[PDB]
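Heads up, the thing below is written out as structure tokens.
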Amino acid sequence: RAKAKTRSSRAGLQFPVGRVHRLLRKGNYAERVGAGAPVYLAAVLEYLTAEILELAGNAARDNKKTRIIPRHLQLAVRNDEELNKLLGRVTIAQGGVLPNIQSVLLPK
Amino acid sequence: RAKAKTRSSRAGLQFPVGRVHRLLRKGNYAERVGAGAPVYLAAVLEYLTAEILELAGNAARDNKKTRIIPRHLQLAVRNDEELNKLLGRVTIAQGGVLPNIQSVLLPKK
Amino acid sequence: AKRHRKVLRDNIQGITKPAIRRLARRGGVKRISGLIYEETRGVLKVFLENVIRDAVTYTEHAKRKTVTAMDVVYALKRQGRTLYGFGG
Amino acid sequence: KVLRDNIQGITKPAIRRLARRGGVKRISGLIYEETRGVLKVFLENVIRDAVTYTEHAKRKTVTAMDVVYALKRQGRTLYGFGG
Amino acid sequence: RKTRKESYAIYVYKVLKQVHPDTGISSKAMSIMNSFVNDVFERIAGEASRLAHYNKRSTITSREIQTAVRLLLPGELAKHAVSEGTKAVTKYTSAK
Amino acid sequence: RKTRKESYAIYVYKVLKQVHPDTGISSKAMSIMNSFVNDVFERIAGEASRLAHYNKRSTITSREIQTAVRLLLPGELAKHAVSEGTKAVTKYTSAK
Amino acid sequence: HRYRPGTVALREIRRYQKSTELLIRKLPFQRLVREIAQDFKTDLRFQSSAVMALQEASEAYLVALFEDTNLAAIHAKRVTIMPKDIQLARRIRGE
Amino acid sequence: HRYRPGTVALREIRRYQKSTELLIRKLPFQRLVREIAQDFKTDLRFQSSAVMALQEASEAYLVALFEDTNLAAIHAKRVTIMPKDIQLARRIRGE
Amino acid sequence: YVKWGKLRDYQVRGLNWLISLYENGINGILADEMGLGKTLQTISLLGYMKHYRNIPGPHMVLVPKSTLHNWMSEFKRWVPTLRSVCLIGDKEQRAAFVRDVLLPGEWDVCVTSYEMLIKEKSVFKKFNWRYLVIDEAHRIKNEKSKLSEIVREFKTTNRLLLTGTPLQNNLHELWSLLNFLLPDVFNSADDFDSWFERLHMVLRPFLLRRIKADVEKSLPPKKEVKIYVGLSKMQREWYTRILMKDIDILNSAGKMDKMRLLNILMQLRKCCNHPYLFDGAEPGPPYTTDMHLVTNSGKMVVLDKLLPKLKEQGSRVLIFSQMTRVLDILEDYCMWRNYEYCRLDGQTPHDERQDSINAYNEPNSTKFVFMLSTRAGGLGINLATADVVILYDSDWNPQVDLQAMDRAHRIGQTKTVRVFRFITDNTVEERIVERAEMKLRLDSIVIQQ
DNA sequence: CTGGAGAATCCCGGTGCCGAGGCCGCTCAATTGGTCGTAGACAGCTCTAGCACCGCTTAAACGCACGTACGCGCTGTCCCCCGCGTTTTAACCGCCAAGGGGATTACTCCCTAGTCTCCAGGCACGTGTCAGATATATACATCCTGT
DNA sequence: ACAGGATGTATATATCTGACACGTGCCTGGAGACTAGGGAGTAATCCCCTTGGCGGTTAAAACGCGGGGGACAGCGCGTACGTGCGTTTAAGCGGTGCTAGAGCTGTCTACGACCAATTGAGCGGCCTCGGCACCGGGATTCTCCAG
Ligand SMILES: Nc1ncnc2c1ncn2[C@@H]1O[C@H](COP(=O)(O)OP(=O)(O)O)[C@@H](O)[C@H]1O
Ligand code: BEF
Ligand SMILES: [Mg+2]
């Protein structure tokens, strides 16, 4: 037997291709599932993950703090139009409201 | 072998137990389906069918028609507080609008 | 010129003012401002864009050149706009 | 044993801080009675389903997952509680 | 032609005549009625499937369909639908 | 005795380091990222399942996932994502 | 003879609410569906029933939006609907 | 000294729109949740995080409703929220 | 009984054959070649059924709209003892005529269009009719058409078809006429199939045909000329871009967008006729230049042959087209030339149509060109005055064209009629002309009895 | 208009701490290889229903003008919140106990899927006929005007 | 205040038409009746996490009430609303022609699921020096008011 190479290494990905395949097979999505399907889905889940954490990291540095916390994630999603369209029906715990007053209410 | 009896006849129902079982088995809901699951589901679909047609037939009768049409069905669903909650997000074709004019809008007296 | 007697409007204009007024009358509106015809056309066009884009995604996936009634019904269902009467 | 009316335990100061996070500058007095009923109707809908799930599982304890599934049905996804 | 098309139409008509012997129904109305049965079927089977998964079970049973009916229907319909389902399963089991 | 619980946390951590090398993350922000990955997995897999039933096929494939992604994601996110996934399948099929 | 302002407006409201017909013309609407589509993919054909599903869904959407617009007008103590009332209805609905 | 009517209301908006704490007091809400549960089943016990999941969801719902309610009062040319503004927002939402 | 003039020997023999059908109790088809007087043969039959059989009972005639004023005129001329009445007009006029003229029952022949029958079907089914004459019977060739259904519900002792193109495209479209005449004989098209070298066996009992070449040796035969033409450079450009489907063209900016092409065949056909039919194609939004029009169309370059004709005695001409816009551009060309002309089309009102025909036919008339749309103007109207016919377009049905040519070649034509057909050489217009000729072969213009 | 006073967060530098990253061990799901059988790509055929044009008729929309319902800017009005301080109650924190019941593993044995075979419910089909349509007529509603 | 005009509306009766309604013939999913082997249920065990005990004592809620903000009614003013006229427009209907491409069946062979076997990524457990909560020092700088 030759030495093993995990399918994520073959596709050049950090998320797990093997686990995604099990989850699909046992999740009642279809009678069968192809071998390119877990590779495509693992690549999309890692891209969307990197898209959030990039803007979260920048919100953490803007607050001058080294660790991402749950508020930083809210400030990222809400301040981007497409992530706010993707996550428009979601509540995030320990997430504040973006700062905002209607200009009618401000003093003269 | 003995002469066939439909499972709907055994349950005392008009809807099809056999078709419902096949639909569930081939819809990828669970890897197994029980024997009572198709009978319970056929009973519920026939009950909900009868609830709509009773109200629709009354609406046809009040309108002096012998035939139920898509307008009678809308009137039935929208005047019942539970069916209008069950069906709050569906559009019925050729279904009109219940008549309502707000009070402010009406002539003065 | 006989050749130029006819002039064509944009296809949005086909939704006429008489056509919008009846829809507002079915909705129970008594009096209508003159700026609403421009506003209503903009709103319908955004609705048709979002339904059609999906109905065409389904058609392409099936490798067909014809949009069917089922392609429209599945697109409306996926957006919370369930429609009865056209099958499914 | 049986709890009396705790809906008066949602205080006037606490309802006012929720109106402030929502950007509200001035509040009429009758908002508080109105808000308590609105909250009670929302909680009744979420708890009813959360308990239907617990009963199906044959458990006496309501879990954080039972609440998360109840909210997910009503179009209110919540991140953070094991979802 | 050369291809059949299943529908609930005959079942909807057999129930119609028990509820109102005198009335008939149009083809447009019968097409809406077929759509209602298909929509309700897909709702109840989606909740049942999820319930099984959450509880780590391989089978959908009548106990999962009873709970799906209780999660989906408004209160007066739910209490009657559960009564009609339990009457049918008792009668079916007596003949089985 | 005490059973294991799976999560995405070690992959989320390895992707952060690639994006912002010096930054860390709290355990609550990890619970939220683990919730996000599972929500998006379930959305894509549910649309990919239906599209196959509509067209009467029994197999989920990369083409049904590609259509599912175009239906679910907003416009620009969809474009970049589609490129990332088609890139990954191109690299994988060169090395299977 | 001349009926007063708004006397005929109530008479039309009652007629149209009773009827169940489509109010937009079919050719002028069919020509708009086709143009919007050409942007997404080119040279498509359409089933005759598919354009009717689009027209039923469109007229149902606009009638329902005109109800929310009229309650937002009466809240501001007016009887005339205006472009701002359409915009508040679409904002509170989250679209 | 005395600040003027509405000046401290703005500081309170800014302060609560920066923080992510829960605003309702915890123990009182725990008694409210349990009281509601007795209508459905007797002698339920509860995980501690199940009550925090209910509180997070409940405060998120009320804050969002107060935003839709405020738009309605500004639409009617006022700055004070009224019971009819909550009723309009819920009605237009479809609740 | 017939007053104004004498029937010719073949008209006499045709009358005796129609009488023999009546006495044998059969219906039948009269299908002499166009221009041979089928209308007078019909008017004389009705005179007989009154003067000799004592039947003044109601009779009906169905016609195309453009011939309602001719039929009426001939009734008034040859046989003034018949009491003919005509239904036409707006809803109020039809209601007034029904109420004040029809229902009184003071008439013996009723003349109507096919649209007037489809409108007043519930009135006309009250009466019991003695004869039902349809003219241009090819109109009922498709049995599923609403006129064909409506026409079989009438109470009629006798039925009659008049048509000079009894064959159109297939044997089922002729069976559909036999099934109106004798539905109890030709019970089915599956029975007509198989019955069918079976030439004239089925036909002779119920059909009669004579040809001008046999029965009118004095009428000059037709001359037919194909003129093959090249495309202009602009037409060659558009014809290639249309095939590629990169027409582009958008008047509202959008970098020209794309024009849709779900049917390319019709776009290619348009182009051959003129480039200006397309949007944004005419150079210069001001327009009004006219030399540019003649040059950018290979057909129009050749059409200046009209100047030779006008100088070459009064070779007055008819121009036929299948597209309404082409008559527009030809009309702007004639107006810019300062020519004298007439135009008939499907948009024209009824009163105007007959005035135009009359003005063009007068013995001292000065109009050189008549423009006719091929559907409305190609049937029934008689225009013996003109010597020349131009077919700018070519139709998928050969028989449509034949009729149009015969608007001039008819009894009373003193001179040889020239027919010119334009064909763009290396285009789909070749395939259309080849297809139409493939359809002529199976008809063969059978002379018959 | 605007100087001044004086309560608001706001930086700054020290102090302690249990959160987060590291590693250990070792657990149990991914890996490879081989094999089986059937999903789905291909090509071919047929023939339904897509499109265009023109013709026909007349509902419909177009623009015009008329005149008055009601859009919305100021003013006066006087009630009900706001903000302050005070006193007051019940939240938080921490500490420590009993025992409900989540959870584990283990055992046993009822349940459903599989296969093949079989024959009757349900499919489309074609046809007579009666709810429905609408034509004309009128009788009773409701609205407007002017006096 | 309320008399006749006028208008639309309702419904009475007549005849009429075309979607429904029956039954026919036909054929393919439902139903019989056994074997298969796993899921499921129920016993019992362990010890996580829940339920109130007390006291302590901060902070939060509560009360009362001076005072000026905004809510709200009314008036007058003025310009797009609606109304109906005549007019022109093209929806709607029907009809012709044609062939794009949905649909079916047929055939053949790449693919995935499965098994057994294998060994490494990933799990939980036990660890600790460094992120950053917290306290108490001074910094402007928010806002407001009587000169
Ligand atoms: N016997 C005749 N004597 C004189 N003129 C005749 C005679 N028969 C026909 N015509 C004229 O010849 C013309 C062509 O006849 P027409 O009725 O149009 O035949 P069709 O309808 O078959 O073309 C008519 O205008 C008619 O006036
Ligand atoms: F046969 Be014809 F020219 F009416
Ligand atoms: Mg003639």
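Here's how to read the names in the structure tokens: chain A, B, ... by the order shown, residue numbers from 1 in each chain, ligand numbers from 1 in the order shown.
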Please return as a VMD selection string the residues found within 7 Å of ligand 1, counting only C-alpha atoms (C1' of nucleotides) and all ligand atoms.
chain I and resid 5 to 8 32 to 40 164 380 382 410 to 412
Create the file for the chosen residues now, containing C-alpha atoms and written as a PDB file, in the first residue's frame.
```pdb
ATOM      1  CA  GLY I   5     -76.843  40.871 -71.661  1.00  0.00           C
ATOM      2  CA  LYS I   6     -76.368  37.322 -72.969  1.00  0.00           C
ATOM      3  CA  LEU I   7     -74.713  34.441 -71.151  1.00  0.00           C
ATOM      4  CA  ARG I   8     -71.927  32.838 -73.228  1.00  0.00           C
ATOM      5  CA  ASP I  32     -63.910  27.556 -63.761  1.00  0.00           C
ATOM      6  CA  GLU I  33     -60.543  29.337 -64.125  1.00  0.00           C
ATOM      7  CA  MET I  34     -60.522  32.872 -62.674  1.00  0.00           C
ATOM      8  CA  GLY I  35     -62.007  35.644 -64.782  1.00  0.00           C
ATOM      9  CA  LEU I  36     -64.626  33.408 -66.481  1.00  0.00           C
ATOM     10  CA  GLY I  37     -67.918  34.759 -65.062  1.00  0.00           C
ATOM     11  CA  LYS I  38     -68.723  32.406 -62.206  1.00  0.00           C
ATOM     12  CA  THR I  39     -70.734  35.164 -60.545  1.00  0.00           C
ATOM     13  CA  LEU I  40     -73.223  35.444 -63.418  1.00  0.00           C
ATOM     14  CA  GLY I 164     -61.044  28.868 -59.011  1.00  0.00           C
ATOM     15  CA  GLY I 380     -62.273  38.819 -56.191  1.00  0.00           C
ATOM     16  CA  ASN I 382     -61.684  42.857 -61.014  1.00  0.00           C
ATOM     17  CA  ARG I 410     -60.096  38.196 -67.225  1.00  0.00           C
ATOM     18  CA  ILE I 411     -63.029  38.680 -69.576  1.00  0.00           C
ATOM     19  CA  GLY I 412     -62.763  42.187 -71.025  1.00  0.00           C
TER      20      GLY I 412
END
```
List every residue of chain F that DSSP, applied to the backbone of this structure, assigns to helix (DSSP H, G or I), and report them as a count of residues only.
69
Taking only C-alpha atoms (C1' of nucleotides) into account, produce a table as JSON lines in which each residue of stretch 62-116 of chain K with an atom at most 12 Å from an atom of stretch 61-82 of chain H appears once, together with its shortest atom pair and the distance in Å to one decimal, ordered by chain and rising number.
```
{"residue": "K:69", "atom": "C1'", "partner": "H:79", "partner_atom": "CA", "distance": 11.1}
{"residue": "K:70", "atom": "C1'", "partner": "H:79", "partner_atom": "CA", "distance": 7.8}
{"residue": "K:71", "atom": "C1'", "partner": "H:78", "partner_atom": "CA", "distance": 8.0}
{"residue": "K:72", "atom": "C1'", "partner": "H:78", "partner_atom": "CA", "distance": 10.6}
```
Atom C1' of residue K:79 and atom CA of residue G:83, how far apart in Å?
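These two atoms are separated by 18.7 Å.
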Could you give me the residues within 12 Å of ligand 3, counting only C-alpha atoms (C1' of nucleotides) and all ligand atoms, as a PyMOL selection string?
chain I and resi 30-43+61-72+74+133-137+161-164+378-382+403+406-407+410
Write out, as a CSV table (one decimal), in the first residue's frame, the residues just selected, with N, CA and C atoms.
```csv
chain,number,residue,atom,x,y,z
I,30,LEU,N,-68.5,24.6,-58.5
I,30,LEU,CA,-68.2,25.3,-59.8
I,30,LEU,C,-66.9,26.0,-59.7
I,31,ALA,N,-65.9,25.6,-60.5
I,31,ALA,CA,-64.5,25.9,-60.3
I,31,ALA,C,-63.8,26.2,-61.7
I,32,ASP,N,-64.5,26.9,-62.6
I,32,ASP,CA,-63.9,27.6,-63.8
I,32,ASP,C,-62.7,28.4,-63.4
I,33,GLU,N,-61.7,28.5,-64.3
I,33,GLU,CA,-60.5,29.3,-64.1
I,33,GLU,C,-60.9,30.8,-63.8
I,34,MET,N,-60.2,31.5,-63.0
I,34,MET,CA,-60.5,32.9,-62.7
I,34,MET,C,-60.9,33.7,-63.9
I,35,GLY,N,-61.5,34.8,-63.7
I,35,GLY,CA,-62.0,35.6,-64.8
I,35,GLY,C,-63.0,35.1,-65.8
I,36,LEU,N,-63.7,34.0,-65.5
I,36,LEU,CA,-64.6,33.4,-66.5
I,36,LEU,C,-66.1,33.6,-66.2
I,37,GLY,N,-66.5,34.5,-65.3
I,37,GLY,CA,-67.9,34.8,-65.1
I,37,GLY,C,-68.7,33.9,-64.1
I,38,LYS,N,-68.0,33.2,-63.2
I,38,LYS,CA,-68.7,32.4,-62.2
I,38,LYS,C,-69.8,33.1,-61.5
I,39,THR,N,-69.7,34.4,-61.2
I,39,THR,CA,-70.7,35.2,-60.5
I,39,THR,C,-72.0,35.2,-61.3
I,40,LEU,N,-72.0,35.3,-62.7
I,40,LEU,CA,-73.2,35.4,-63.4
I,40,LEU,C,-73.9,34.1,-63.5
I,41,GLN,N,-73.1,33.1,-63.7
I,41,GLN,CA,-73.6,31.7,-63.6
I,41,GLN,C,-74.4,31.5,-62.3
I,42,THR,N,-73.9,32.0,-61.2
I,42,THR,CA,-74.6,31.9,-59.9
I,42,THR,C,-75.9,32.8,-59.8
I,43,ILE,N,-75.8,34.0,-60.3
I,43,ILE,CA,-77.0,34.9,-60.3
I,43,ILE,C,-78.1,34.3,-61.2
I,61,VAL,N,-75.5,34.4,-49.4
I,61,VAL,CA,-74.2,34.4,-50.1
I,61,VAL,C,-73.1,34.9,-49.1
I,62,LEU,N,-72.0,34.1,-48.9
I,62,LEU,CA,-70.9,34.6,-48.1
I,62,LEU,C,-69.7,35.0,-49.0
I,63,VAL,N,-69.2,36.2,-48.8
I,63,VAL,CA,-68.1,36.8,-49.6
I,63,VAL,C,-67.0,37.4,-48.9
I,64,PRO,N,-65.8,37.7,-49.6
I,64,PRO,CA,-64.8,38.4,-48.9
I,64,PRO,C,-65.3,39.9,-48.8
I,65,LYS,N,-64.8,40.7,-47.9
I,65,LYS,CA,-65.3,42.0,-47.7
I,65,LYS,C,-65.1,42.9,-48.9
I,66,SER,N,-64.1,42.6,-49.7
I,66,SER,CA,-63.7,43.5,-50.7
I,66,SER,C,-64.6,43.4,-51.9
I,67,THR,N,-65.5,42.4,-51.9
I,67,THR,CA,-66.3,42.1,-53.1
I,67,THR,C,-67.8,42.3,-52.8
I,68,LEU,N,-68.2,42.9,-51.7
I,68,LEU,CA,-69.6,43.0,-51.4
I,68,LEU,C,-70.3,43.9,-52.2
I,69,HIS,N,-69.6,44.9,-52.8
I,69,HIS,CA,-70.3,45.9,-53.6
I,69,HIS,C,-70.3,45.5,-55.0
I,70,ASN,N,-69.5,44.5,-55.4
I,70,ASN,CA,-69.6,44.1,-56.8
I,70,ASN,C,-70.8,43.1,-56.9
I,71,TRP,N,-70.9,42.2,-56.0
I,71,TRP,CA,-71.9,41.2,-56.1
I,71,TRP,C,-73.2,42.0,-56.1
I,72,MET,N,-73.4,43.0,-55.3
I,72,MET,CA,-74.7,43.7,-55.2
I,72,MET,C,-75.0,44.4,-56.5
I,74,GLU,N,-74.1,43.5,-59.4
I,74,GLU,CA,-74.5,42.6,-60.5
I,74,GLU,C,-75.9,42.1,-60.3
I,133,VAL,N,-74.5,29.7,-50.6
I,133,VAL,CA,-73.4,29.9,-51.5
I,133,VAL,C,-72.2,30.5,-50.8
I,134,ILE,N,-71.1,29.8,-50.9
I,134,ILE,CA,-69.9,30.4,-50.3
I,134,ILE,C,-69.0,30.7,-51.5
I,135,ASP,N,-68.3,31.8,-51.5
I,135,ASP,CA,-67.4,32.2,-52.7
I,135,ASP,C,-66.0,32.2,-52.1
I,136,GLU,N,-65.0,32.0,-52.9
I,136,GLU,CA,-63.7,31.9,-52.4
I,136,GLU,C,-63.8,30.8,-51.3
I,137,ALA,N,-64.2,29.7,-51.7
I,137,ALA,CA,-64.4,28.6,-50.8
I,137,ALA,C,-63.1,28.0,-50.2
I,161,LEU,N,-70.3,25.7,-53.6
I,161,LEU,CA,-69.0,26.3,-53.5
I,161,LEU,C,-68.6,26.9,-54.8
I,162,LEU,N,-68.0,28.1,-54.8
I,162,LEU,CA,-67.5,28.7,-56.0
I,162,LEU,C,-66.0,28.9,-55.6
I,163,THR,N,-65.0,28.5,-56.4
I,163,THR,CA,-63.6,28.8,-56.2
I,163,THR,C,-62.8,28.5,-57.4
I,164,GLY,N,-61.8,29.2,-57.8
I,164,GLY,CA,-61.0,28.9,-59.0
I,164,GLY,C,-59.7,28.2,-58.7
I,378,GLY,N,-55.8,40.7,-53.3
I,378,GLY,CA,-55.6,39.6,-54.2
I,378,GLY,C,-56.7,38.7,-54.6
I,379,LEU,N,-57.9,39.0,-54.1
I,379,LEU,CA,-59.1,38.1,-54.3
I,379,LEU,C,-60.4,38.8,-54.7
I,380,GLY,N,-61.0,38.3,-55.8
I,380,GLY,CA,-62.3,38.8,-56.2
I,380,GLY,C,-62.4,40.1,-57.0
I,381,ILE,N,-61.7,41.1,-56.6
I,381,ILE,CA,-61.8,42.5,-57.2
I,381,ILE,C,-61.4,42.3,-58.7
I,382,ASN,N,-62.0,43.0,-59.6
I,382,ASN,CA,-61.7,42.9,-61.0
I,382,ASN,C,-61.1,44.2,-61.5
I,403,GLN,N,-53.9,33.8,-58.2
I,403,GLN,CA,-55.1,34.7,-58.1
I,403,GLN,C,-54.7,36.1,-58.3
I,406,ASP,N,-54.4,37.1,-61.8
I,406,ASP,CA,-55.7,37.0,-62.6
I,406,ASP,C,-56.6,38.2,-62.3
I,407,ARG,N,-56.3,39.1,-61.4
I,407,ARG,CA,-57.1,40.3,-61.2
I,407,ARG,C,-57.1,41.0,-62.5
I,410,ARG,N,-58.7,38.6,-67.4
I,410,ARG,CA,-60.1,38.2,-67.2
I,410,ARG,C,-60.9,38.7,-68.4
```
Which is closer to chain D than all the others in J:90, J:130, J:17, J:125, using only C-alpha atoms (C1' of nucleotides)?
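Once distances to chain D are computed over only C-alpha atoms (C1' of nucleotides), the minimum belongs to J:90.
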Interface rows for chain D against chain H: nearest pair, Å to one decimal, 6 Å, only C-alpha atoms, as JSON lines:
```
{"residue": "D:3", "atom": "CA", "partner": "H:35", "partner_atom": "CA", "distance": 5.7}
{"residue": "D:6", "atom": "CA", "partner": "H:32", "partner_atom": "CA", "distance": 5.2}
{"residue": "D:9", "atom": "CA", "partner": "H:28", "partner_atom": "CA", "distance": 5.6}
{"residue": "D:14", "atom": "CA", "partner": "H:24", "partner_atom": "CA", "distance": 5.3}
{"residue": "D:18", "atom": "CA", "partner": "H:63", "partner_atom": "CA", "distance": 5.7}
{"residue": "D:19", "atom": "CA", "partner": "H:66", "partner_atom": "CA", "distance": 5.9}
{"residue": "D:20", "atom": "CA", "partner": "H:13", "partner_atom": "CA", "distance": 4.8}
{"residue": "D:21", "atom": "CA", "partner": "H:17", "partner_atom": "CA", "distance": 5.2}
{"residue": "D:22", "atom": "CA", "partner": "H:63", "partner_atom": "CA", "distance": 4.9}
{"residue": "D:23", "atom": "CA", "partner": "H:13", "partner_atom": "CA", "distance": 5.9}
{"residue": "D:25", "atom": "CA", "partner": "H:9", "partner_atom": "CA", "distance": 5.8}
{"residue": "D:26", "atom": "CA", "partner": "H:80", "partner_atom": "CA", "distance": 4.8}
{"residue": "D:27", "atom": "CA", "partner": "H:81", "partner_atom": "CA", "distance": 5.3}
{"residue": "D:28", "atom": "CA", "partner": "H:82", "partner_atom": "CA", "distance": 5.8}
{"residue": "D:31", "atom": "CA", "partner": "H:83", "partner_atom": "CA", "distance": 5.7}
{"residue": "D:60", "atom": "CA", "partner": "H:44", "partner_atom": "CA", "distance": 5.4}
{"residue": "D:61", "atom": "CA", "partner": "H:45", "partner_atom": "CA", "distance": 4.6}
{"residue": "D:62", "atom": "CA", "partner": "H:46", "partner_atom": "CA", "distance": 4.9}
{"residue": "D:63", "atom": "CA", "partner": "H:47", "partner_atom": "CA", "distance": 5.4}
{"residue": "D:64", "atom": "CA", "partner": "H:50", "partner_atom": "CA", "distance": 3.9}
```
Store the residues picked out above in a file with N, CA, C and O atoms, as a compact mmCIF listing (two decimals), in the first residue's frame.
```txt
# COMPACT_ATOMS: atom_id res chain seq x y z
N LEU D 3 -46.21 29.99 39.99
CA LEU D 3 -45.71 31.36 39.88
C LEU D 3 -46.85 32.35 39.61
O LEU D 3 -47.63 32.17 38.67
N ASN D 6 -45.21 37.52 36.70
CA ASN D 6 -43.87 38.12 36.62
C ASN D 6 -43.67 39.08 35.44
O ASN D 6 -42.59 39.63 35.27
N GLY D 9 -42.29 42.28 36.21
CA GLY D 9 -40.85 42.22 36.48
C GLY D 9 -39.99 42.71 35.31
O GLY D 9 -38.83 43.03 35.51
N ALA D 14 -36.15 49.00 32.06
CA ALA D 14 -35.53 48.06 31.18
C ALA D 14 -36.14 48.20 29.84
O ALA D 14 -35.43 48.08 28.88
N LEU D 18 -34.17 49.24 26.07
CA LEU D 18 -34.36 48.58 24.77
C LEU D 18 -34.79 49.56 23.67
O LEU D 18 -34.27 49.51 22.56
N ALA D 19 -35.66 50.52 23.99
CA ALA D 19 -36.02 51.59 23.07
C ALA D 19 -34.81 52.48 22.72
O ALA D 19 -34.62 52.81 21.56
N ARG D 20 -33.90 52.72 23.67
CA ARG D 20 -32.67 53.48 23.37
C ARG D 20 -31.69 52.78 22.41
O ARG D 20 -31.06 53.44 21.59
N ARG D 21 -31.54 51.45 22.51
CA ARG D 21 -30.66 50.68 21.60
C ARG D 21 -31.30 50.73 20.21
O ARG D 21 -30.58 50.73 19.22
N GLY D 22 -32.62 50.73 20.13
CA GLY D 22 -33.38 50.91 18.89
C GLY D 22 -33.44 52.35 18.36
O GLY D 22 -34.17 52.62 17.41
N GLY D 23 -32.69 53.30 18.93
CA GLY D 23 -32.58 54.67 18.43
C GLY D 23 -33.71 55.63 18.80
O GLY D 23 -33.80 56.70 18.22
N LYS D 25 -35.68 58.41 20.75
CA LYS D 25 -35.42 59.60 21.58
C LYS D 25 -36.49 59.88 22.66
O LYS D 25 -36.13 60.24 23.77
N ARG D 26 -37.80 59.80 22.33
CA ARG D 26 -38.91 60.10 23.26
C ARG D 26 -39.96 59.02 23.25
O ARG D 26 -40.25 58.52 22.20
N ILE D 27 -40.52 58.63 24.39
CA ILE D 27 -41.47 57.50 24.52
C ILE D 27 -42.77 57.83 25.24
O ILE D 27 -42.72 58.30 26.35
N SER D 28 -43.93 57.53 24.67
CA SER D 28 -45.23 57.73 25.32
C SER D 28 -45.46 56.77 26.43
O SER D 28 -44.94 55.69 26.42
N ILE D 31 -46.69 52.88 25.95
CA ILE D 31 -45.83 51.89 25.26
C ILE D 31 -45.52 50.70 26.16
O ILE D 31 -45.37 49.59 25.65
N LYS D 60 -37.33 15.69 30.53
CA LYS D 60 -37.98 16.69 31.38
C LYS D 60 -37.29 18.06 31.32
O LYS D 60 -37.92 19.06 31.59
N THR D 61 -36.00 18.10 30.98
CA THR D 61 -35.23 19.34 30.88
C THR D 61 -35.34 19.97 29.50
O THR D 61 -35.01 19.32 28.51
N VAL D 62 -35.71 21.25 29.41
CA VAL D 62 -35.55 22.05 28.18
C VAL D 62 -34.07 22.36 27.95
O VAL D 62 -33.42 22.92 28.82
N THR D 63 -33.53 22.02 26.78
CA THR D 63 -32.11 22.27 26.42
C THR D 63 -31.92 23.52 25.56
O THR D 63 -32.86 23.99 24.94
N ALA D 64 -30.69 24.05 25.45
CA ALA D 64 -30.42 25.18 24.55
C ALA D 64 -30.72 24.85 23.08
O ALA D 64 -31.19 25.71 22.34
```
For the contact check between chain C and chain G, emit one row per residue of chain C within 8 Å, containing the shortest atom pair and the distance in Å rounded to one decimal, counting only C-alpha atoms, chain then rising number order, as CSV.
```
residue,atom,partner,partner_atom,distance
C:11,CA,G:32,CA,5.4
C:12,CA,G:32,CA,6.5
C:14,CA,G:28,CA,4.9
C:15,CA,G:28,CA,6.8
C:19,CA,G:24,CA,5.4
C:20,CA,G:24,CA,7.9
C:22,CA,G:23,CA,6.6
C:23,CA,G:63,CA,5.7
C:24,CA,G:66,CA,5.8
C:25,CA,G:13,CA,4.8
C:26,CA,G:17,CA,4.9
C:27,CA,G:63,CA,5.2
C:28,CA,G:13,CA,6.0
C:29,CA,G:70,CA,6.3
C:30,CA,G:9,CA,6.0
C:31,CA,G:80,CA,4.7
C:32,CA,G:81,CA,5.4
C:33,CA,G:82,CA,5.5
C:35,CA,G:83,CA,6.7
C:36,CA,G:83,CA,5.7
C:39,CA,G:83,CA,6.5
C:44,CA,G:58,CA,7.3
C:47,CA,G:58,CA,7.7
C:48,CA,G:33,CA,7.4
C:49,CA,G:36,CA,6.6
C:52,CA,G:37,CA,6.6
C:53,CA,G:40,CA,6.5
C:56,CA,G:40,CA,7.5
C:65,CA,G:44,CA,5.5
C:66,CA,G:45,CA,4.5
C:67,CA,G:46,CA,4.9
C:68,CA,G:47,CA,5.4
C:69,CA,G:50,CA,4.0
C:70,CA,G:50,CA,7.7
C:72,CA,G:50,CA,6.5
C:73,CA,G:53,CA,7.4
C:81,CA,G:57,CA,7.8
C:83,CA,G:57,CA,7.2
C:86,CA,G:53,CA,6.9
```
